[PDB]
Structure formats: C-alpha cells, structure tokens
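Trainee: I'd like to ask some things about the structure below.
Values quoted throughout were computed directly from the atomic coordinates according to the rules given, and no laboratory measurement underlies them. With ideal geometry, Cβ positions are generated from the backbone for all residues, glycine too; neighbour counts draw on all protein chains shown.
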Amino acid sequence: XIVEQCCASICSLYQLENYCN
Amino acid sequence: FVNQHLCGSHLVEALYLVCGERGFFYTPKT
Ligand SMILES: [Zn+2]
C-alpha cells in the first residue's frame with residue numbers, strides 16, 4: 001500500500017491525498 | 001510538487017501537511 005510504496009519506492013502528494021478524510 | 005521518499009514518521013508528517021483539518025488515515029498493511 002501507500003505506506004510501503006512511499007518508503008520502498010516513491011510516491012506523490014497527489015497519491016497521499018487519497019488518504020485524507 | 002516533487003515526488004516523495006517517505007519512511008516511518010516522515011510519512012505521517014506528509015499526510016498531516018497534505019490533509020490538514022480534513023484528517024487522514026495512516027494504514028500500513030493496506
Ligand atoms: Zn528521520
């Protein structure tokens with residue numbers, strides 16, 4: 001998931017936005 | 001915005017900045 005992707009790979013702020021409430 | 005390499009607590013800091021008062025869900029295994 002996003003937690004793993006951001007650390008093992010790279011991720012964007014736009015992808016992080018999908019986790020907002 | 002630039003791409004990100006975030007591990008541990010740094011990811012939580014990023015989520016806080018991106019989501020603000022809207023809140024967010026930190027979900028590892030997901
Ligand atoms: Zn650190």
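Trainee: Which values of log₁₀ I(q)/I(0), to two decimal places, follow from the Debye formula for the protein assembly as shown at q = 0.19, 0.25, 0.32 Å⁻¹ with a uniform point scatterer at every Cα?
Mentor: -0.51, -0.91, -1.47
Trainee: Distance from the Cα centre of chain B to that of chain A, in angstrom?
Mentor: Value for the Cα centre distance between the two parts: 7 Å.
Trainee: Another question, if that's okay. For labels at B:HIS5 and A:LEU13 in the simple 7 Å Cα→Cβ model, what's the distance in nm?
Mentor: Between B:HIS5 and A:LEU13, the label points sit 1.9 nm apart.
Trainee: Let me ask something else about it. All other residues with a Cβ under 12 Å from the Cβ of B:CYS7 taken together, and with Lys, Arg as +1 and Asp, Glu as -1, what is their net charge? Intermediate values should be presented prior to the final figure.
Mentor: On the way: positive: none; negative: A:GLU4, B:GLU13.
Every neighbour counted, the sum reads -2.
Trainee: While we're on this one: Ignore the peptide's own chain and count Cβ atoms of other chains within 10 Å of each Cβ in B:15-25; give me the average, rounded.
Mentor: On the way: counts 8, 0, 2, 9, 5, 1, 2, 3, 3, 6, 5.
Counting Cβ atoms of other protein chains within 10 Å of each residue's Cβ and averaging gives 4.
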